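Heads up, final24.pdb below (PDB, N, CA and C atoms):
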```
ATOM      1  N   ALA A   1      10.504  10.562  -0.095  1.00  0.00           N
ATOM      2  CA  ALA A   1       9.258  11.332   0.022  1.00  0.00           C
ATOM      3  C   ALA A   1       8.199  10.709  -0.873  1.00  0.00           C
ATOM      4  N   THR A   2       7.258  10.015  -0.249  1.00  0.00           N
ATOM      5  CA  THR A   2       6.173   9.383  -1.006  1.00  0.00           C
ATOM      6  C   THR A   2       4.852   9.779  -0.364  1.00  0.00           C
ATOM      7  N   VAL A   3       3.773   9.567  -1.103  1.00  0.00           N
ATOM      8  CA  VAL A   3       2.441   9.904  -0.592  1.00  0.00           C
ATOM      9  C   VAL A   3       1.588   8.649  -0.679  1.00  0.00           C
ATOM     10  N   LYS A   4       1.011   8.253   0.440  1.00  0.00           N
ATOM     11  CA  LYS A   4       0.175   7.056   0.414  1.00  0.00           C
ATOM     12  C   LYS A   4      -1.176   7.413  -0.185  1.00  0.00           C
ATOM     13  N   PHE A   5      -1.779   6.465  -0.878  1.00  0.00           N
ATOM     14  CA  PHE A   5      -3.079   6.753  -1.476  1.00  0.00           C
ATOM     15  C   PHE A   5      -3.780   5.443  -1.798  1.00  0.00           C
ATOM     16  N   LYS A   6      -4.320   4.801  -0.778  1.00  0.00           N
ATOM     17  CA  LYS A   6      -5.009   3.539  -1.028  1.00  0.00           C
ATOM     18  C   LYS A   6      -6.385   3.827  -1.608  1.00  0.00           C
ATOM     19  N   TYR A   7      -6.694   3.199  -2.726  1.00  0.00           N
ATOM     20  CA  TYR A   7      -8.003   3.441  -3.327  1.00  0.00           C
ATOM     21  C   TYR A   7      -9.051   2.663  -2.548  1.00  0.00           C
ATOM     22  N   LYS A   8      -8.858   1.355  -2.466  1.00  0.00           N
ATOM     23  CA  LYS A   8      -9.752   0.521  -1.656  1.00  0.00           C
ATOM     24  C   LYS A   8      -8.895  -0.462  -0.874  1.00  0.00           C
ATOM     25  N   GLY A   9      -8.795  -1.676  -1.396  1.00  0.00           N
ATOM     26  CA  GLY A   9      -8.023  -2.711  -0.704  1.00  0.00           C
ATOM     27  C   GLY A   9      -6.668  -2.912  -1.370  1.00  0.00           C
ATOM     28  N   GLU A  10      -6.237  -1.917  -2.132  1.00  0.00           N
ATOM     29  CA  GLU A  10      -4.940  -2.005  -2.808  1.00  0.00           C
ATOM     30  C   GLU A  10      -4.165  -0.729  -2.521  1.00  0.00           C
ATOM     31  N   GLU A  11      -3.105  -0.852  -1.744  1.00  0.00           N
ATOM     32  CA  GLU A  11      -2.323   0.341  -1.430  1.00  0.00           C
ATOM     33  C   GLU A  11      -1.577   0.798  -2.673  1.00  0.00           C
ATOM     34  N   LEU A  12      -1.554   2.107  -2.880  1.00  0.00           N
ATOM     35  CA  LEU A  12      -0.835   2.661  -4.031  1.00  0.00           C
ATOM     36  C   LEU A  12      -0.035   3.857  -3.542  1.00  0.00           C
ATOM     37  N   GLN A  13       1.061   4.133  -4.235  1.00  0.00           N
ATOM     38  CA  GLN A  13       1.906   5.273  -3.867  1.00  0.00           C
ATOM     39  C   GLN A  13       2.184   6.081  -5.124  1.00  0.00           C
ATOM     40  N   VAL A  14       2.246   7.395  -4.958  1.00  0.00           N
ATOM     41  CA  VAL A  14       2.529   8.279  -6.093  1.00  0.00           C
ATOM     42  C   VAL A  14       3.704   9.174  -5.728  1.00  0.00           C
ATOM     43  N   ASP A  15       4.631   9.316  -6.659  1.00  0.00           N
ATOM     44  CA  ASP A  15       5.804  10.142  -6.380  1.00  0.00           C
ATOM     45  C   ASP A  15       5.460  11.596  -6.678  1.00  0.00           C
ATOM     46  N   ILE A  16       6.029  12.514  -5.917  1.00  0.00           N
ATOM     47  CA  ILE A  16       5.659  13.915  -6.104  1.00  0.00           C
ATOM     48  C   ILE A  16       6.379  14.470  -7.327  1.00  0.00           C
ATOM     49  N   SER A  17       7.554  13.944  -7.626  1.00  0.00           N
ATOM     50  CA  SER A  17       8.325  14.515  -8.731  1.00  0.00           C
ATOM     51  C   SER A  17       7.842  13.969 -10.069  1.00  0.00           C
ATOM     52  N   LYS A  18       7.185  12.820 -10.048  1.00  0.00           N
ATOM     53  CA  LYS A  18       6.725  12.236 -11.309  1.00  0.00           C
ATOM     54  C   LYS A  18       5.375  12.812 -11.711  1.00  0.00           C
ATOM     55  N   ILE A  19       4.689  13.453 -10.781  1.00  0.00           N
ATOM     56  CA  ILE A  19       3.394  14.037 -11.127  1.00  0.00           C
ATOM     57  C   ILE A  19       3.677  15.337 -11.867  1.00  0.00           C
ATOM     58  N   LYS A  20       3.668  15.276 -13.187  1.00  0.00           N
ATOM     59  CA  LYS A  20       3.951  16.481 -13.961  1.00  0.00           C
ATOM     60  C   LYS A  20       2.672  17.285 -14.132  1.00  0.00           C
ATOM     61  N   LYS A  21       1.645  16.643 -14.657  1.00  0.00           N
ATOM     62  CA  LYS A  21       0.396  17.370 -14.872  1.00  0.00           C
ATOM     63  C   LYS A  21      -0.247  17.647 -13.523  1.00  0.00           C
ATOM     64  N   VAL A  22      -0.542  18.908 -13.265  1.00  0.00           N
ATOM     65  CA  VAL A  22      -1.168  19.237 -11.987  1.00  0.00           C
ATOM     66  C   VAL A  22      -1.845  20.596 -12.112  1.00  0.00           C
ATOM     67  N   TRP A  23      -3.086  20.673 -11.662  1.00  0.00           N
ATOM     68  CA  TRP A  23      -3.798  21.946 -11.749  1.00  0.00           C
ATOM     69  C   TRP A  23      -4.845  21.999 -10.644  1.00  0.00           C
ATOM     70  N   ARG A  24      -4.859  23.097  -9.911  1.00  0.00           N
ATOM     71  CA  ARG A  24      -5.789  23.184  -8.787  1.00  0.00           C
ATOM     72  C   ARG A  24      -7.168  23.584  -9.286  1.00  0.00           C
ATOM     73  N   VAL A  25      -8.170  22.813  -8.905  1.00  0.00           N
ATOM     74  CA  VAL A  25      -9.528  23.171  -9.306  1.00  0.00           C
ATOM     75  C   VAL A  25     -10.508  22.462  -8.379  1.00  0.00           C
ATOM     76  N   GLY A  26     -11.466  23.207  -7.855  1.00  0.00           N
ATOM     77  CA  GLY A  26     -12.421  22.581  -6.946  1.00  0.00           C
ATOM     78  C   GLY A  26     -11.738  22.233  -5.633  1.00  0.00           C
ATOM     79  N   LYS A  27     -12.378  21.386  -4.848  1.00  0.00           N
ATOM     80  CA  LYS A  27     -11.774  21.017  -3.570  1.00  0.00           C
ATOM     81  C   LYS A  27     -10.709  19.957  -3.799  1.00  0.00           C
ATOM     82  N   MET A  28     -11.067  18.912  -4.522  1.00  0.00           N
ATOM     83  CA  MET A  28     -10.094  17.847  -4.744  1.00  0.00           C
ATOM     84  C   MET A  28      -9.103  18.289  -5.811  1.00  0.00           C
ATOM     85  N   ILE A  29      -7.827  18.256  -5.473  1.00  0.00           N
ATOM     86  CA  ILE A  29      -6.826  18.668  -6.453  1.00  0.00           C
ATOM     87  C   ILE A  29      -6.627  17.525  -7.435  1.00  0.00           C
ATOM     88  N   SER A  30      -6.953  17.769  -8.692  1.00  0.00           N
ATOM     89  CA  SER A  30      -6.784  16.711  -9.684  1.00  0.00           C
ATOM     90  C   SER A  30      -5.324  16.645 -10.106  1.00  0.00           C
ATOM     91  N   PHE A  31      -4.920  15.506 -10.640  1.00  0.00           N
ATOM     92  CA  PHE A  31      -3.530  15.387 -11.074  1.00  0.00           C
ATOM     93  C   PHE A  31      -3.411  14.215 -12.037  1.00  0.00           C
ATOM     94  N   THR A  32      -2.271  14.139 -12.709  1.00  0.00           N
ATOM     95  CA  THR A  32      -2.043  13.056 -13.672  1.00  0.00           C
ATOM     96  C   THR A  32      -0.706  12.405 -13.360  1.00  0.00           C
ATOM     97  N   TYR A  33      -0.739  11.360 -12.554  1.00  0.00           N
ATOM     98  CA  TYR A  33       0.514  10.686 -12.220  1.00  0.00           C
ATOM     99  C   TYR A  33       0.950   9.832 -13.401  1.00  0.00           C
ATOM    100  N   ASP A  34       2.192   9.996 -13.817  1.00  0.00           N
ATOM    101  CA  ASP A  34       2.666   9.207 -14.950  1.00  0.00           C
ATOM    102  C   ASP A  34       3.042   7.813 -14.473  1.00  0.00           C
ATOM    103  N   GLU A  35       2.426   6.806 -15.063  1.00  0.00           N
ATOM    104  CA  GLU A  35       2.750   5.444 -14.646  1.00  0.00           C
ATOM    105  C   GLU A  35       2.277   4.483 -15.725  1.00  0.00           C
ATOM    106  N   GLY A  36       3.068   4.338 -16.772  1.00  0.00           N
ATOM    107  CA  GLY A  36       2.664   3.421 -17.835  1.00  0.00           C
ATOM    108  C   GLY A  36       3.430   3.736 -19.110  1.00  0.00           C
ATOM    109  N   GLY A  37       3.726   5.006 -19.320  1.00  0.00           N
ATOM    110  CA  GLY A  37       4.450   5.365 -20.536  1.00  0.00           C
ATOM    111  C   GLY A  37       3.495   5.391 -21.717  1.00  0.00           C
ATOM    112  N   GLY A  38       2.246   5.725 -21.452  1.00  0.00           N
ATOM    113  CA  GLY A  38       1.280   5.761 -22.548  1.00  0.00           C
ATOM    114  C   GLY A  38      -0.134   5.706 -21.992  1.00  0.00           C
ATOM    115  N   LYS A  39      -0.315   4.945 -20.929  1.00  0.00           N
ATOM    116  CA  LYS A  39      -1.650   4.862 -20.344  1.00  0.00           C
ATOM    117  C   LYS A  39      -1.907   6.108 -19.511  1.00  0.00           C
ATOM    118  N   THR A  40      -0.943   6.422 -18.655  1.00  0.00           N
ATOM    119  CA  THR A  40      -1.048   7.602 -17.790  1.00  0.00           C
ATOM    120  C   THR A  40      -2.280   7.517 -16.897  1.00  0.00           C
ATOM    121  N   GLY A  41      -2.085   7.060 -15.675  1.00  0.00           N
ATOM    122  CA  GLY A  41      -3.228   6.956 -14.773  1.00  0.00           C
ATOM    123  C   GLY A  41      -3.704   8.343 -14.369  1.00  0.00           C
ATOM    124  N   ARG A  42      -4.799   8.395 -13.635  1.00  0.00           N
ATOM    125  CA  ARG A  42      -5.310   9.700 -13.224  1.00  0.00           C
ATOM    126  C   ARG A  42      -6.219   9.527 -12.019  1.00  0.00           C
ATOM    127  N   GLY A  43      -6.177  10.485 -11.112  1.00  0.00           N
ATOM    128  CA  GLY A  43      -7.030  10.375  -9.932  1.00  0.00           C
ATOM    129  C   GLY A  43      -7.188  11.739  -9.282  1.00  0.00           C
ATOM    130  N   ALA A  44      -7.373  11.750  -7.974  1.00  0.00           N
ATOM    131  CA  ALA A  44      -7.529  13.037  -7.300  1.00  0.00           C
ATOM    132  C   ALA A  44      -7.303  12.854  -5.807  1.00  0.00           C
ATOM    133  N   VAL A  45      -7.315  13.953  -5.077  1.00  0.00           N
ATOM    134  CA  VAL A  45      -7.108  13.842  -3.635  1.00  0.00           C
ATOM    135  C   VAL A  45      -7.652  15.099  -2.969  1.00  0.00           C
ATOM    136  N   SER A  46      -8.424  14.919  -1.912  1.00  0.00           N
ATOM    137  CA  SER A  46      -8.990  16.090  -1.250  1.00  0.00           C
ATOM    138  C   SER A  46      -7.884  16.855  -0.540  1.00  0.00           C
ATOM    139  N   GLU A  47      -8.185  18.095  -0.181  1.00  0.00           N
ATOM    140  CA  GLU A  47      -7.185  18.939   0.480  1.00  0.00           C
ATOM    141  C   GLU A  47      -7.458  19.012   1.977  1.00  0.00           C
ATOM    142  N   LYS A  48      -7.898  17.911   2.559  1.00  0.00           N
ATOM    143  CA  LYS A  48      -8.157  17.928   3.997  1.00  0.00           C
ATOM    144  C   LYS A  48      -6.840  17.785   4.744  1.00  0.00           C
ATOM    145  N   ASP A  49      -5.898  17.086   4.141  1.00  0.00           N
ATOM    146  CA  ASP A  49      -4.608  16.920   4.806  1.00  0.00           C
ATOM    147  C   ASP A  49      -3.560  16.555   3.768  1.00  0.00           C
ATOM    148  N   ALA A  50      -3.157  17.531   2.976  1.00  0.00           N
ATOM    149  CA  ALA A  50      -2.154  17.240   1.954  1.00  0.00           C
ATOM    150  C   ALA A  50      -0.789  17.193   2.653  1.00  0.00           C
ATOM    151  N   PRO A  51       0.283  16.617   2.096  1.00  0.00           N
ATOM    152  CA  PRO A  51       1.578  16.615   2.777  1.00  0.00           C
ATOM    153  C   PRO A  51       2.120  18.020   3.010  1.00  0.00           C
ATOM    154  N   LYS A  52       3.137  18.126   3.846  1.00  0.00           N
ATOM    155  CA  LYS A  52       3.673  19.453   4.141  1.00  0.00           C
ATOM    156  C   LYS A  52       4.624  19.887   3.037  1.00  0.00           C
ATOM    157  N   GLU A  53       5.213  18.923   2.350  1.00  0.00           N
ATOM    158  CA  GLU A  53       6.174  19.277   1.308  1.00  0.00           C
ATOM    159  C   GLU A  53       5.445  19.623   0.018  1.00  0.00           C
ATOM    160  N   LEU A  54       4.228  19.130  -0.130  1.00  0.00           N
ATOM    161  CA  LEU A  54       3.512  19.390  -1.377  1.00  0.00           C
ATOM    162  C   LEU A  54       2.976  20.814  -1.352  1.00  0.00           C
ATOM    163  N   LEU A  55       2.624  21.299  -0.175  1.00  0.00           N
ATOM    164  CA  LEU A  55       2.056  22.645  -0.111  1.00  0.00           C
ATOM    165  C   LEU A  55       3.169  23.673  -0.242  1.00  0.00           C
ATOM    166  N   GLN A  56       4.352  23.338   0.241  1.00  0.00           N
ATOM    167  CA  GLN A  56       5.450  24.301   0.154  1.00  0.00           C
ATOM    168  C   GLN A  56       6.058  24.258  -1.239  1.00  0.00           C
ATOM    169  N   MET A  57       5.953  23.121  -1.902  1.00  0.00           N
ATOM    170  CA  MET A  57       6.552  23.028  -3.232  1.00  0.00           C
ATOM    171  C   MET A  57       5.739  23.862  -4.210  1.00  0.00           C
ATOM    172  N   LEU A  58       4.444  23.615  -4.266  1.00  0.00           N
ATOM    173  CA  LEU A  58       3.632  24.353  -5.229  1.00  0.00           C
ATOM    174  C   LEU A  58       3.415  25.764  -4.709  1.00  0.00           C
ATOM    175  N   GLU A  59       2.943  25.870  -3.480  1.00  0.00           N
ATOM    176  CA  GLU A  59       2.687  27.199  -2.922  1.00  0.00           C
ATOM    177  C   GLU A  59       3.968  27.748  -2.311  1.00  0.00           C
ATOM    178  N   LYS A  60       4.839  28.281  -3.148  1.00  0.00           N
ATOM    179  CA  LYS A  60       6.082  28.839  -2.618  1.00  0.00           C
ATOM    180  C   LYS A  60       5.807  30.243  -2.102  1.00  0.00           C
ATOM    181  N   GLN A  61       5.490  30.348  -0.825  1.00  0.00           N
ATOM    182  CA  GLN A  61       5.216  31.674  -0.279  1.00  0.00           C
ATOM    183  C   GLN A  61       6.536  32.394  -0.047  1.00  0.00           C
ATOM    184  N   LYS A  62       7.385  31.814   0.781  1.00  0.00           N
ATOM    185  CA  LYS A  62       8.668  32.462   1.038  1.00  0.00           C
ATOM    186  C   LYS A  62       9.617  31.436   1.634  1.00  0.00           C
TER
END
```
Before we go any further, please render this structure as structure tokens.
Amino acid sequence: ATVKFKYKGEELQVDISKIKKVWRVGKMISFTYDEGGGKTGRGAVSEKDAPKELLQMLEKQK
């Protein structure tokens, strides 16, 4: 289970289990993907089409 996220001409992937820091705010859900062991990258992603497993994981309705 991976999520594609190409910034421009460089494809990047972020794991859902490694994204510890996460908080919903505004339209774009911000997050802090751990990748460096000290640098800690950071980005965001709009909620126009988030994965199906990400919405069920955080939003545990039933």
Where in chain A does DSSP assign alpha helix (DSSP H), given as a list in words? residues 52, 53, 54, 55, 56, 57 and 58 of chain A
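One finds atom CA of residue 60 of chain A at 24.0 Å from atom CA of residue 13 of chain A.
Note that atom N of residue 61 of chain A and atom C of residue 6 of chain A are 29.1 Å apart.
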Could you list, as a JSON list (two decimals) with N, CA and C atoms, keeping the file's coordinate frame, every residue matched by the PyMOL selection byres (((chain A and resi 15 and name CA) around 9) and name CA) in this structure?
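Contents of out-v9.json, as written:
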```json
[["chain", "number", "residue", "atom", "x", "y", "z"],
["A", 1, "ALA", "N", 10.50, 10.56, -0.10],
["A", 1, "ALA", "CA", 9.26, 11.33, 0.02],
["A", 1, "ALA", "C", 8.20, 10.71, -0.87],
["A", 2, "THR", "N", 7.26, 10.02, -0.25],
["A", 2, "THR", "CA", 6.17, 9.38, -1.01],
["A", 2, "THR", "C", 4.85, 9.78, -0.36],
["A", 3, "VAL", "N", 3.77, 9.57, -1.10],
["A", 3, "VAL", "CA", 2.44, 9.90, -0.59],
["A", 3, "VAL", "C", 1.59, 8.65, -0.68],
["A", 13, "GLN", "N", 1.06, 4.13, -4.24],
["A", 13, "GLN", "CA", 1.91, 5.27, -3.87],
["A", 13, "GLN", "C", 2.18, 6.08, -5.12],
["A", 14, "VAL", "N", 2.25, 7.40, -4.96],
["A", 14, "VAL", "CA", 2.53, 8.28, -6.09],
["A", 14, "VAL", "C", 3.70, 9.17, -5.73],
["A", 16, "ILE", "N", 6.03, 12.51, -5.92],
["A", 16, "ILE", "CA", 5.66, 13.92, -6.10],
["A", 16, "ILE", "C", 6.38, 14.47, -7.33],
["A", 17, "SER", "N", 7.55, 13.94, -7.63],
["A", 17, "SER", "CA", 8.32, 14.52, -8.73],
["A", 17, "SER", "C", 7.84, 13.97, -10.07],
["A", 18, "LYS", "N", 7.18, 12.82, -10.05],
["A", 18, "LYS", "CA", 6.72, 12.24, -11.31],
["A", 18, "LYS", "C", 5.38, 12.81, -11.71],
["A", 19, "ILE", "N", 4.69, 13.45, -10.78],
["A", 19, "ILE", "CA", 3.39, 14.04, -11.13],
["A", 19, "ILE", "C", 3.68, 15.34, -11.87],
["A", 33, "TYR", "N", -0.74, 11.36, -12.55],
["A", 33, "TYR", "CA", 0.51, 10.69, -12.22],
["A", 33, "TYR", "C", 0.95, 9.83, -13.40]]
```
Chain A: residues DSSP assigns to strand (DSSP E), reported as a ChimeraX atom specification: /A:2-4,13-15,19-23,29-33,43-45
Could you check which residues have any atom within 7 Å of (-1.8, 20.0, -14.9), counting only N, CA and C atoms with coordinates taken straight from the file, and then list them as a VMD selection string? chain A and resid 20 to 24 30 to 32
Skip segment 46-51 of chain A itself and residues of its chain fewer than 3 positions away, then list as JSON, numbers by chain all residues within 5 Å of it, counting all atoms listed in the file. {"A": [27, 28, 29, 54, 55]}
Written selection (N, CA and C atoms) as a compact mmCIF listing (two decimals), keeping the file's coordinate frame:
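The resulting result-v3.txt:
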```txt
# COMPACT_ATOMS: atom_id res chain seq x y z
N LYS A 27 -12.38 21.39 -4.85
CA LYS A 27 -11.77 21.02 -3.57
C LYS A 27 -10.71 19.96 -3.80
N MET A 28 -11.07 18.91 -4.52
CA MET A 28 -10.09 17.85 -4.74
C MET A 28 -9.10 18.29 -5.81
N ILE A 29 -7.83 18.26 -5.47
CA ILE A 29 -6.83 18.67 -6.45
C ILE A 29 -6.63 17.52 -7.44
N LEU A 54 4.23 19.13 -0.13
CA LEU A 54 3.51 19.39 -1.38
C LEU A 54 2.98 20.81 -1.35
N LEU A 55 2.62 21.30 -0.18
CA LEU A 55 2.06 22.64 -0.11
C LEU A 55 3.17 23.67 -0.24
```
Atom CA of residue 45 of chain A and atom CA of residue 5 of chain A are how many Å apart?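 Between atom CA of residue 45 of chain A and atom CA of residue 5 of chain A the gap works out to 8.4 Å.
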So, counting only C-alpha atoms, which residue among A:40, A:26, A:57, A:35 is closest to residue 12 of chain A?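 Answer, going by the shortest atom-to-atom distance: A:35.
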